[PDB]
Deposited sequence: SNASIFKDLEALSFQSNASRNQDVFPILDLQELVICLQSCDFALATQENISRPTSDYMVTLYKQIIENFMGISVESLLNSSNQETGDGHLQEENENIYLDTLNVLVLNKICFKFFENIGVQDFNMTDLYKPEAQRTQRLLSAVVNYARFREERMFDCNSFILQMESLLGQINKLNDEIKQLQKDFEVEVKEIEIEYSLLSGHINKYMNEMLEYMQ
């Protein structure tokens, strides 16, 4: 408690609207519901209304890695590897600017042309909801046309299914034979001990 979005909810004079972006600006609660339903569990009304850096950095990294299917970390790594087989003056600045560029390129693709360091390192509420609103519109676009690609997914799952069923067959045959081998091995061990026991008793009465 003791947190007041109650007077933040006083959105006076909101009836007329203006929006120069092509995508719609979403109200905070719907924005968070959509972000959570996209499996960004970390997104909440409280954090997004008062955005802090390191929260937006984390959240943006999660969004970009999901929608682009790449590792941000791997990109920073290749950013620092040098040709050969006093530079800490620049490393922190370069890492921060490389992450900025990755976000910049990503948002250009979804109707935001001016992502910049402020959005990562001193986030502000309206820009944050604007950027995240662009993310949701892209996700909704993907969901609607995902039936265009259902045949590919189903073919892929069938083919992966055939691999798995065949590999199950392989392990079943190879497991069953191992059972056959041991039951013979168990019984042979009994007989081996029996013959050794026999000789040991017979030696008592020899020599």
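So, counting the deposited sequence from position 1, which segments are absent from the coordinates?
Unmodelled stretches, in sequence order: 1-2, 88-93.
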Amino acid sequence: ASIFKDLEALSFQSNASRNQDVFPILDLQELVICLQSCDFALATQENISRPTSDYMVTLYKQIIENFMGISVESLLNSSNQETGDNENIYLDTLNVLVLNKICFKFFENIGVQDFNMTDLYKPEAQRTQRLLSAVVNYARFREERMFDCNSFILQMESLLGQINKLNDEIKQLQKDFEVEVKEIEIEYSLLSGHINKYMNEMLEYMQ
From here on, numbers count along this sequence of modelled residues.
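Which is higher on mean Cα B factor in this entry, 69-77 or 124-132?
Comparing 124-132 with 69-77, the higher mean C-alpha B-factor belongs to 69-77.
Averaging only over Cα atoms, indicate whether 24-32 or 167-175 has the higher B-factor in the PDB entry.
The stretch with the larger average C-alpha B-factor is 167-175.
Whose C-alpha has the highest temperature factor in the PDB entry: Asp92, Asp85, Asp119, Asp114?
If I rank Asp92, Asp85, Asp119, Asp114 by C-alpha B-factor, first place goes to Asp85.
Which third, lowest, middle or highest, does the CA B-factor of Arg142 fall in along this chain?
Lowest third, going by the recorded CA B-factors of the chain.
Relative to the other modelled residues in the chain, which third contains the C-alpha temperature factor of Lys61: lowest, middle or highest?
Lowest third of the chain for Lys61's C-alpha B-factor.
Quick check on the deposited entry: does the C-alpha B-factor of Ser189 sit in the lowest, middle or highest third of its chain?
Highest third.
Taking the chain's C-alpha temperature factors as the reference, tell me which third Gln13 falls into: lowest, middle or highest.
Highest third of the chain for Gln13's C-alpha B-factor.
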